[PDB]
Each structure stands twice: as C-alpha cells, then as structure tokens.
Amino acid sequence: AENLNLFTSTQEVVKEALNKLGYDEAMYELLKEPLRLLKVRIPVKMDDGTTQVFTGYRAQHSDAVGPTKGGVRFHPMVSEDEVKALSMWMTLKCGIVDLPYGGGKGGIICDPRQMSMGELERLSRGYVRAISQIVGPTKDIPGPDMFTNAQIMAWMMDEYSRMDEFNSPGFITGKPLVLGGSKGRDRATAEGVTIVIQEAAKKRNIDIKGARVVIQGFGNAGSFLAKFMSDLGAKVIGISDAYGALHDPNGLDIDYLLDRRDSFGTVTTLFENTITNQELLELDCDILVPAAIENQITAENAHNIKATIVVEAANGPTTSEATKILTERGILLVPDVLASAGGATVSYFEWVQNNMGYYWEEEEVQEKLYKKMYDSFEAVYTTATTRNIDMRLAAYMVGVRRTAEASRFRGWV
Amino acid sequence: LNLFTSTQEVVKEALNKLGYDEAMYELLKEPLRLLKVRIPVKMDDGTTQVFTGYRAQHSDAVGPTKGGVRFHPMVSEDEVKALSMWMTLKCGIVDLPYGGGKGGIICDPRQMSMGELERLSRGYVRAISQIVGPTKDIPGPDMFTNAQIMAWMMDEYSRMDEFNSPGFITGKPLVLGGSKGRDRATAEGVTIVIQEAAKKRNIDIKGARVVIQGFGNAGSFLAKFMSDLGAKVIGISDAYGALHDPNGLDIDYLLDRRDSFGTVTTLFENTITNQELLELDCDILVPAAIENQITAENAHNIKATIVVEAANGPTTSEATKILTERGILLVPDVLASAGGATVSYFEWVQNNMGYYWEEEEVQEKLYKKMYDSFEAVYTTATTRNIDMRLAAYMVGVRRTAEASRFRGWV
Amino acid sequence: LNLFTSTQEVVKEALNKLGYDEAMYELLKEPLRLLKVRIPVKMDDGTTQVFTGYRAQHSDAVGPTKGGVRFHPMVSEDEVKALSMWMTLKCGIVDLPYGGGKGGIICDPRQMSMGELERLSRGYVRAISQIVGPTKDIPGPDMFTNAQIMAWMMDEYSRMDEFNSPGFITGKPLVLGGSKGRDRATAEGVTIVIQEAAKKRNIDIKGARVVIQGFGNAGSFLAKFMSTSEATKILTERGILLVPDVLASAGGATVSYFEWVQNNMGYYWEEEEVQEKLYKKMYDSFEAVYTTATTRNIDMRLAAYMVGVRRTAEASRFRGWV
Amino acid sequence: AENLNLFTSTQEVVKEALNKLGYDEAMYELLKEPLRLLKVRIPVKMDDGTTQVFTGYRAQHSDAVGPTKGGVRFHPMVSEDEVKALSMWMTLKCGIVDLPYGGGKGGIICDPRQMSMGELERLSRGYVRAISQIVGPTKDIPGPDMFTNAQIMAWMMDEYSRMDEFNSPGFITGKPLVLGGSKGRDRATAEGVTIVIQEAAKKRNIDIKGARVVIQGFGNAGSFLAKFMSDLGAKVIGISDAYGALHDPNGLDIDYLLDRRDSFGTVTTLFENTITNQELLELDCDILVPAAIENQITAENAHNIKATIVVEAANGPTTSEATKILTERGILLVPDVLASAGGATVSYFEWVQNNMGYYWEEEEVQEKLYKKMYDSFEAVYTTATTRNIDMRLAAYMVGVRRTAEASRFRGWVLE
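Protein chains in written order, with the authors' numbering: chain E, -4 to 408; chain C, -1 to 408; chain D, -1 to 225, 314 to 408; chain F, -4 to 410.
Have a look at this one:
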C-alpha cells in the first residue's frame, strides 16, 4: 500500500525540499542521515538486586547552524530509525522558528510504567554517563519527550553537573524552575498550536468565537489545547483519548473533563456512550487537530475529513499520501514541524537564560514566543501559496534552508 | 559555635515549618564543602608568614555558590560556615540562582603593606582555585576587602586560566567588569522595602511620619532619602543622644552640622533619650546598627505601624514575638538588606554576557527584585500567619531544599 | 613615516597628558604577545607553499583582544603590531570590554584559488589556536578577507574545539551566528559622528550645506543618507571641529562586539535593535572625545588617543602590572 | 597526664626535627598544618530508602615534592586531627623511603560493620564525587586504610573514571589486579614490617628462628605479619584483635586462626580463655609489634614492656612520653613512619605501573621493595646512632628532609 515508514518518508520530502531550493545531490547525501549516531548499552541495578542492561540512542543530525537540540523518550517501542527521523524533524523545527540549533534526539528501549522512581533515576544517570562525551551545553542539549518529565530532567542535569564538577543547567531543558527551568514551559507546545490555529483561521475567514474544534488525544498537549480553545470562545465539539471519543455539536464542558481527568489524560472510560477515534477524525468541524499517535489520517480516511483546517499537534498524524489528498481537496494543513515548534522555541529560551544566568518572567517568554510562531507561520504559508506546493514540503524548505546554507559556508560541501 | 549553632537552628526552624523531614536538615545544617588552607606569603622584610584561609560552600543545589571574603584577625571556621549559610537564605530571598558561599583569612590588614596584601590575595586564590570559578564559587568583598583586593584576585585567577575571567569575582572596578549602580545598593534596597511596607498598610508616603535610630553613614542616608521623598521624619538619634521634633525636622540641616563620627546631638541642650526615640508617634520606624534596641521590656511601647530592621538583629525574637502579635508590620534585616547581593548578582550576569547595563537599568532591575522579594515574604508570613522573620527564613531556604529533593540528594 | 613608531609616539603623548608614569608606556609601547607562524598549504598544482602569518595581541588588561586579519603581500610585523594598538584605542573610545589585536598573512589572495584560500585560512587557525578563542582573542575580517574566510576559520576552530564556537570570530555570515546591521556598520558610524557635530555647532541639519570628497564606496551611501601633523593644528586655530579616523570608524568594532555578545548569549538581535545600540555608542563616544577635546583644551586627534588608552592604563594599574 | 593528641604530638617532633636540620621557624609554620584540608558532607540513600549524611575528610599536607599520597579509612572515631596527623605521617613516610610523593590522608565518619555492600559503594562513590576537584593521578592519590580494601578502591576508581570519561587507574592504589593493581600490594605493609624486623633483629643479634614475637591487632597488617613470622620460624606467642588477646609460649597456630578470622580481623571471640590487650603488650618476648590502634604504649605501660625490639606497624601506637621511656631503657624502637612504609612503597610501584600502562611481577616488585626498606632502615638507624637521638626523631629528620628542600627551592619559604 502506502509508505508508513517514518524515516524514509522524511527523507523523501527532504530530498524534494533540497531539490526545490536548488541544491545538488551532495547536499542531500550530507543531510539524509545524521552526522552522528551513538548506540549505547546502560547497565542498571534494579530494586531486586538484579542487573538489567538497556539500549539507548542519541542521534545528532547536523551541528552546522549550532548545537543540536532534542528530547529523550523512554518507550518499549523506541527504534533506531525513529530516533534518526525525529532528530531531522528537530532540524526542521529549529529552522522554521530560526533557532541557532541543529537537530538531535534520544531514546531508551524501556518501559517506565513497569519501573520505580529509584530505577528510573539510575537509568537516567546511566544514560548521561554513557553519552556524556558527545553532549553538553555547547554540544547537544536534550529535553523531555515521551515518558520523560521535569523530574527526569532534574536527575540528568544533576548527573552531568557532577561529572563536570560544576552546575551545568544549559545541558538539558524542561528542568524544574528551581534548577534553572523556564516559565511557560508546560504550555509551550499548546500555546504555539493555539497561535498557529488562530493564524490559519484568519487566512480562511473563520472566527474562533463559535468555531467548532475537535482534538484527537487528551494528553498534555491535547488537554492544554482544549482549555485554550474553550477560553477563546471556540466550541470543542470532539475530544478523545486512547480508549475512546466523546462528541457534542454545541461544545463539551472542557472544565468538567479536565477536573475528573486521569493522570494519563483518560476521561472517556467514565462514560457509557463513546464514539471511538475513527469517527472523531471524520467529524464535521472547522478545525481538526490530531494530538495523539501517528498515522491517523492515512488515505483511506483522508477523503472523509470534513475540517477546513488541519493542525498537526502530534508527530506524523497524516501520511504523505494523505497530505497530497488533503491538499487537492483545499484543506489548510499546518505541518507538525511548524505547529509544534512552540516547545522547541521555549526550550531555546530556557537555554538562553541558562547561558546568561538571568531568567525571564511569564509575559516576556509569551511575547517572545508569539513573535516566533507568528513569523514562522507567515513564512511557511507564503512559501506554500506562492510556489503552489503543499504546506509540509513548504515547511521543510523553510526548515532545512539554514542548515544547507551553513553546511555550504563551512566547507562541508 | 555561638553564631553557627544559632544559624543551624534557623535552618531547622524554617525547614520544620515548610514540612521537610530530618534528612533535609542533616544535609543543610553543615556546608557541603569546607576548604581550610594555609598560604605562604613573602613579607616586605624578606621573611615568610603563613596565614590560615577558609572557603565554605554551603549548597550548590540552586546553582554556583556566592559570598564574600573577609580579612580579619577574628575570622573563624564556624563564622565562615555560619555566614555562608546566611548567604543561601539571602540569595533565596531575592530568588537568585545562587547558593551560599563565604571565605575568610586570619590576618590583620592594618599591620600589612600594600604588596603584602596583594601577595596574600594572590596566594588565597591559588590555594582555593580548584573549587572556585565563574561557574562554581563566586567570591566578593567583605570586611577589610575592597575593589582593589577584588582586582588582585580577578587577575590571579585569569593568569591561572590563561584568559580573562571577570565573572569569577564581584565588586571589581568598572574597567575590570564591575557593575554600575552598586554603591548604595543595600541602602536603596531598604528604601524599596520601606515604601512597599507602607503600601501594604495603605499608608500615604507624602505625609508619612518616619523615625530613624542612628545617624552614621547608614541612618543619615535613610533620613535624607525619606525627607527627599517628602516623608516627614520626626526623630533621629546617634551614639550619645536623640532629637525629636514633630512635623519634620529639616534633615538637610542635620547633615550640614554633622561630625565625622556621626555625632550631631552634642550641639543641643535639651535632647531626648534614645529609649524614648523608639516609642515615638510615627507610621514607619527603622532601628539602628546596634542590636537589642527592641526587646521584650519595651516591645508593647512601640507606636509604629511598620518596623524595618536595617541592621543585623536590632530586635530580639521575643520582641518579634510581641510586635507581630500586636499586628505590627515587621521587616527583617535579611530581606531589607538584600540589595547588595542583588546588584552583585547583576555584575555576574553582565560578566556572563560580556555586555554591561547603564546605571538606571540596574536600578530598575533592582527595584523589581526588592519588590518581588517583599511580596513573597509578606505573602508567606500572611498565608501561614507567622512573623515575617520566620517567613523570610522559609523563603530563603525553600529553593535549596526543593532543588536538593529534585536532584536526588535526599 | 614608519607606522609602528608613529603609533608609539601617539601612545606616549596620550599617556603623559593623562598623567601616567613612563613605566606605563614601556608596558604599552609593544604588544604583550606577538606570534609569528609558518603555514604549510597544499596548492592546487600539488606543490607545497609555506606562508608567514602574524597574530599580535596588544593588551588584555580590559578583556579579550579583538582585531581582524588581513591577507596582503605587503603585510609586515610592524604593520600588525601597530594595527593592534589602534584596535586598543578604537575599543577604548567606544568603551568596549576589549583589548586590541590584529593578524596578517603575507600572501596575494588575488592569485590564489578558492580552495587554496580555504586551506590557508584553516592552516592559520590551526597554527595560532593555542592563544586565540572566544575568551582570549577574537579575530575578524580586514583588507582581503570576508564572511567566507570567517566561516572557514569559524569551522576550523570549532572542529579543534569539538563543538560550535561562533564567538571565536566575527564578520561571520548570518546563518553561522553573524550579526544584523554589520553590512553598513562603519558607514552608519560615520553618519552618527556628523550629526552630533552639528548639535555642538548649533547647526540645523535641514538648512546645512554638505560637501563630500569620497570617490570610492562610503561617500555614495553618505550622500544618500544626507539627502595632518601641521594641518590638524591649523583647523584648531580657526575653530573648526575635526573628527579623527579612530572615532568615526569605530562602528565596525562596535557591531562586531555586538556579534560577540550575541554569540555569548546564543540569542540574536534584530536590525533595528542593533542600530539602537550602535547610535548610543557613537553618541557617547563622540561626546566623550568632545568633552576631552574642550575640557582639556587640545585638538581632537590627541583627545581620542586619551579616551581610547585610558581604560587600558587604568586596568593595568588595578591588576598590578605596573 | 600526657599529650595523647596525635596532631600536636607530631608537630613538636616535626618542629624539633626541622630545628636539628637547621631550618628557620618559617619552615615549621609551613609544615605544621596541611596546605589543604577539605571537610565534606556526603549524602547517601540507605537500603531502607532513607538518607544519611556522612562527614568526610581529605588532608593534603604538602605537594612540594610531588602529588600527595595517602589512604582513606572508614571508622566512627575518625577526627579532623587524626587525618591531619595521618597525612603528616605520610609525608615523612614518603621521605624516608624516598618516594616522589607528599603526604595526604582521608577518612569518613561511619561504621562499615553496620552498613551493607550497596551502602558502602554509594558512600565510596559519594566520597569521590565530593573531593574530585582536588584529587587525581597527578594531584592526590588515595589508597587502602583501616576498614577499606581493594573492593572499595575498585568502586572509587570506577567513579573517578566515569567523571573523567576515561580510565584513570593511577587515581587510586590498592586496586584489584584486574583493574591495574600491583602484585604484592595486598601484603605490602606486613612485608615491609617483616624486612624491618629482620634488620632490627640483626643489630640486636637475635635470630628470627625461635624468637618470641607478639603482635597487637589481626587486621591486614597483623594477619599477614603473624604468618610471615611463623613461616620464618618465629614463635608468635601473642595475638590480639579488637576484643581480646591470645597467649601461648610455644607459639600460636597462625593458620588455625587465619582460617577462622572475621571479615574485620576478629578471632578471639571463639576462645573462652583470653587475656586483654594490656596484658598482651606486657608479655615477655623479644619483639613487640603494635598493629592495632593509636596510643597503645603510653606512659602508664611503657615501663612494663619486656620486649627488646618494638616495631610500630600501626600509625602512632606509642606516645611521645612512651618513646622517651622506651629509648632510655635501651629498647630498639622502629618508628611507625619507617616500619609501615611498605604499603605506600608498593602503592607507589602500582602508580608507576599505571603511568606506563606496563606491569611488573611479584619478584620484580619484591626486589624493589626490599631495597627501599633495607636502605631506609640503615639511614634512620645511622641518623639515630650518629646524632645520638631516639629513632622517631631520627626518622622525622630523614623523612622531612626532602619536603623542606623542595619548599625552599620552589620559593615557598624565605632565604
């Protein structure tokens, strides 16, 4: 059928981005794979006294523009090719919001749901130990991702600080505020999505007051996003978690759903009448925002989507063949490398505050974040409509342009 | 141990009120690192003296450690340990990304030449360099040290490093990376704490009645600054006597006829006593440098809505116990005097960037830090219904305790 | 006519009128460190050519040294030594936390290839790396060097460092941490100097007639923006206000200092913000030299030498060097 | 009463030794206290999930001759004065056997007998992290001491190597052989004491075969020394541990006791009929070897010692007043700073082998060790005979000599 491989799909779009920007084959050969990939084995002493050895990855795509940036995720399904692909997305993310960053990513093949606080801390410290030679505040700056949070950032920051013999808060982002974290971090991604949703609505003459929104997924990003749209006067008509979906044409009570909400963001289990995820994606609405897993809009349902605007809050919600379909149909698609750039942008701000040793207040971070998301959306949208190309390809051109120019300037090509 | 064990109890009392267990106190009751050092120095005559130096680094959970270096014959290990722990609370009060540091050398600077003080300054840096630096432990001035001693220490560290490291030490001259707006940083800090306490009690500053004890460089500055803002200062005092006159007192004229020691009351025949100065009819009262002026014996006699401690423990804990039960707004010294630590922090941020702020921008950033610090302590004292001194202790220690928990130290 | 000795006479006079001892001159009359290096470069024809390069560091009393690197067949050791001293004076006029440096390579870049220029630049960075860096000595562009040579040098230092070091060198392209507003930095710098000279003479700019003598590059921009030993003392008798080269050209050193500050933070300013700080710096610098020229009753050429060397002499006294 | 403080006791002998060598009062002011003393607090997660905070020390006496050298002990009675005097021991030890080292020492206030394997590992790692800024293969080289061993050395070596991001075997000595340790290091202390006993026996004309030897202590030094002496044909009539002592005029069965020894060197609890340590020290014998704790021979028992040769294997087992008494009674005393130099000597060999990445075998290490201990006994003995002073003072003069010369050369002291 169609290509669901995340790594080769990203390469195919990056090849076309570099082609439309005028680069020859050498530039693609330099960017189609990360410059560095470190596979690592971490022995960890478990609570029962036994020893478990975990496989970890740290990928570094390109440090042409600056140090690399990207979070570390703990999941049993972490794979090498997924880490490589996600690090390229980080290059594209940073290029879109014009950060002095290259792309990086990390991952550990493990199940934290089956581990204790003491075991996760020792795995977290053993991860920094195993990769410390190629990371640092000026080399490679991790952050939170799937199943990692501020508490794990705190251990990784402490472990790196111990080996360095001084405090290095710039090594890692997403930290607790007391350890040099940044205000506005928890809501960074949902804020950027909210900004980009507002701009897409302007470009299609949709008023947020009364706008019908459905959001797939009720995690950290999906729930924060549901509360922002509710506060802006929009009707969040569709909401889902991993187990099911509920829907009301006049607007659900987001405050009711957020109160009795699971620690994993599960609420549909408390209801008798649910409507599942396959149907929620095909609901009638103005704005459809997937914020769950990947490959939810996949050609088979791409023609059945009733939204006029689709904003990728999660990673890889719609396949390549689906973006093609959604484009012919006239839907305004906002790619994930642009829509979810708010997380990278505030992480960047945290790293800058660590560099200076001087920290910004809530209003300053939000003002800086808004100008970034606003200018980035205009650049991607202008490129797409001007060149008559889809928004994902247009976003990859905006995102990869700086790394290619830097690679050529530095003599790498 | 007198000051040190007292400081240990301050930490235990604040941690107990915040809700931490015994292990948190066992981590913070003693500095994580204490370096005792012996420094050989060639004296002018050709002989060699060996001095005892100290560097205490209380906790670097929040960030690099920060605190001054004093040259004094009475420096002791327990004193530098206690004082570094106070730097932790100070930095926590103004929410600085700092931990508590402190250093000291046992010597008599008045009996030493300028070259001997320099060579002693360089040997001290050389002896503790392994554990200090712009990202580890940032020293500064204190008793008997000045910008020149800071300049000598900045130079020796940059020599060892093979590159200029102005962020290693604060209090440097302006041509070596020092900060503008530093001279009256502590005194102007107390000014911001007085005005903010006035607004908490909804007191008009224009007609406000102010009483100030002591008339040295510290108190006389506050007297002018208050009258300059239009506040009506009704009482001053010095080492010998005190003067009380209602509806103002023309501070500009008192500064005119002031002695080089700060003695102004030997030029008046009918002068009121210093004990009467403490119980006047004023909105705002600010004690003097000496300690124990407000005690349980005269605590109920205070007739002021606001009291700002501006000098290391002028009121006893029982006087604080009584003043706070009477509903009086007391301001501790650790909160009011945090302006100097704040501006020393700014010098470091400017040294981290290589970019330096104008004087007015320094003063604008100093106001917000003092403003937000006052609101934080007042909010904590109010919410928990405790005196503002204990609340200042809790705000000062909270960040270090939370950071130690996050990093797995406990 | 020797540039090095003539520069030494400049510094000796400024220090005496500022009131320093002759031991301060002996410390400042020569750079604290001068590195002469020989660079093997593999040429296109397969042969090897060994070039001579210099790196002068005048004084790091105020901070890290700053100064561009020139590629020219006439580069000489006395030229780069004196040029580093002029960088100390320039940085002191705009009150930058810098000392003076300068580099040069005896080569003819017009007779060299694009690959040979890259391998010569890399060999230059390799050869002097031990005494340069973002905290020691920060090079930049000069006579026949530009943003591409800066990029090759930035890349080489970063490779040896094993991490990106944008702050090592200025004049870089934007995508590598370069600064906005560097394009017309010196040109806008001369524009500032002219306007503040009109307010001191109480002259309205709108009704002011303008005469320009440049036939090269900046004068054309200068016209659009508007729309010696014995000669300097002649203009002082007539009451004319002369602005020296070391002051009106400091806009180049000012924006490359901004680029370095942004590389220190990893945070970068937009063009209008750079113009804002660039205006204030040339504002104060002209005022500082104007105060010195009038308060001390001397010509402006010597006034600028006193402002530029003051901060270095004071820093050297504080650190215990003299 | 008598001065039982180990730190101030050493200072006076160091002052008197530097005086006889003709140094100025400034040299004593430079060497009377360590140049560097780091006091440290180490948090450790215990097995029950709680957190204990321990106190650590690392004294660096003088690094004028080279990097500072000395072990780390784990004992609930360790004090700041103790590790200071211990570091000063090490300076004089290295000078006596002419090692390119200065003196250093460390200790942690804890009770290993009450801690698990995991808790000792986390404490050992916590101790390296706490002092890592001032230690290293070129700065300060730790090693084994009381209640520490090759396993704790291995944990501390691993912790330092991870912080440096590469293997640093030269950071710490007493390592297992697989981690770059040296052959002969395990028994180095007892072997150096053995060589010293043979040299003292010659000058007293006492044959080792048949000599009556008693040893206080049954730890690493006491255990090996008991077997070293019984193999050489000596009657080990006296043995003791932290709880009692055993006596047998025919010579105790050392192999029997070694087979039944605790992890901490305890064996006398298995016996009904034991004597105390005070009676152990006053037994009639030829050679008395204190290898237990400090201040065992004091003014109250110095007159009651019946051995003709006293060899101090432990650190500071006899007091200053007891030294004077023992000397005036014609007893041949071999000071701790000389007799116990075998451990630091073979540790030094281990460090050289770490420097080169090339390792020696037992016979090579054993040949180098004997030359050092033999030459060092002769130098200290000749000094005491030529200058007519007690052996401890002579040993301090020999051991303090190189540090004072280096301090002068490096410009640290006047003239």
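Yeah, the Cβ is synthetic: ideal placement off N, Cα and C, and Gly gets one too.
Closest by C-alpha distance to residue i, when choosing among the options
i: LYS34/D; options: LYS40/D, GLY101/D, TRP84/D and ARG199/D; result: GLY101/D
i: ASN14/E; options: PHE404/E, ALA399/E and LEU115/E; result: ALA399/E
i: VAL48/C; options: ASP58/C, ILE37/C and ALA54/C; result: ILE37/C
i: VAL375/F; options: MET85/F, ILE91/F, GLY260/F and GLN55/F; result: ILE91/F
i: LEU(-1)/C; options: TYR23/C, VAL39/C, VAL8/C and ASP76/C; result: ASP76/C
i: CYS280/E; options: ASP243/E, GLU295/E and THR293/E; result: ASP243/E
i: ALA149/F; options: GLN128/F, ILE129/F, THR314/F and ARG117/F; result: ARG117/F
i: residue 442/F; options: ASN299/F, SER235/F, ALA286/F and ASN215/F; result: Absent from the structure is residue 442/F, since the part of chain F shown begins at -4 and ends at 410.
Limits of the unbroken beta strand (DSSP E) element including residue i
i: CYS280/C; result: 280 to 284
i: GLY98/E; result: 97 to 103
i: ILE37/E; result: 31 to 40
i: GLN273/F; result: Element bounds for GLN273/F: not the beta strand (DSSP E) but the alpha helix (DSSP H), 272 to 276.
i: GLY233/E; result: 230 to 235
i: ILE192/E; result: Segment 183 to 197 is the alpha helix (DSSP H) holding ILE192/E; no beta strand (DSSP E) there.
i: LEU327/C; result: 327 to 329
i: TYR52/D; result: 46 to 55
i: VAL306/E; result: 304 to 306
i: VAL208/E; result: 207 to 211
Contact belief for residue i with residue j at Cβ below 8 Å, rounded distance in angstroms
i: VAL347/F; j: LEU278/F; result: Between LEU278/F and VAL347/F the Cβ distance is about 41 Å, and since that is not below 8 Å, they are no contact.
i: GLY99/D; j: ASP135/D; result: 5 Å
i: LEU327/F; j: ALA195/F; result: 5 Å
i: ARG53/D; j: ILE126/D; result: 5 Å
i: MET158/F; j: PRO137/F; result: Rounded, the Cβ-Cβ distance is 14 Å, inconsistent with contact.
i: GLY179/C; j: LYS170/C; result: Actually they are not in contact, since the Cβ atoms of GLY179/C and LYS170/C sit about 14 Å apart, beyond 8 Å.
Chain E residues whose Cβ lies nearer than 7 Å to that of residue i
i: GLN128/F; result: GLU160
Within chain D, the residues that residue i reaches when beta carbons sit closer than 9 Å
i: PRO244/C; result: Residues of chain D passing the Cβ test: none, with the nearest at roughly 48 Å.
Check whether residue i and residue j have beta carbons under 8 Å apart
i: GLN211/F; j: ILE203/F; result: no
i: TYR96/C; j: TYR343/C; result: yes
i: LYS88/D; j: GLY337/D; result: no
i: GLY113/C; j: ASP42/C; result: yes
i: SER4/F; j: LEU30/F; result: no
i: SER119/D; j: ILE147/D; result: yes
i: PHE219/C; j: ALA185/C; result: yes
Residue i: first and last residue of the uninterrupted alpha helix (DSSP H) it sits in
i: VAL347/E; result: 336 to 351
i: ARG387/E; result: 386 to 404
i: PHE69/E; result: Taken as a continuous stretch (DSSP letters only), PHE69/E belongs to no alpha helix (DSSP H), being part of the beta strand (DSSP E) at 67 to 69.
i: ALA125/F; result: 112 to 126
Chain B within 8 Å of residue i, Cβ atoms only
i: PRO107/D; result: Absent from the structure is chain B; the protein chains it does hold are E, C, D and F.
Contacts of residue i in chain C (Cβ-Cβ under 8 Å)
i: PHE166/D; result: The premise fails here: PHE166/D is roughly 12 Å from chain C at the closest Cβ pair, so nothing lies under 8 Å.
Under 9 Å by beta carbon: chain C residues contacting residue i
i: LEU33/F; result: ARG31, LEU32, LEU33, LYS34 and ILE129
i: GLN146/E; result: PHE404
Per-residue contacts from residue i into chain D (C-beta, under 8 Å)
i: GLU400/E; result: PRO171 and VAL173
Chain-ordered neighbours of residue i on chain F, where CB pairs are closer than 9 Å
i: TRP84/C; result: Here the premise fails: no neighbours, minimum Cβ distance about 18 Å.
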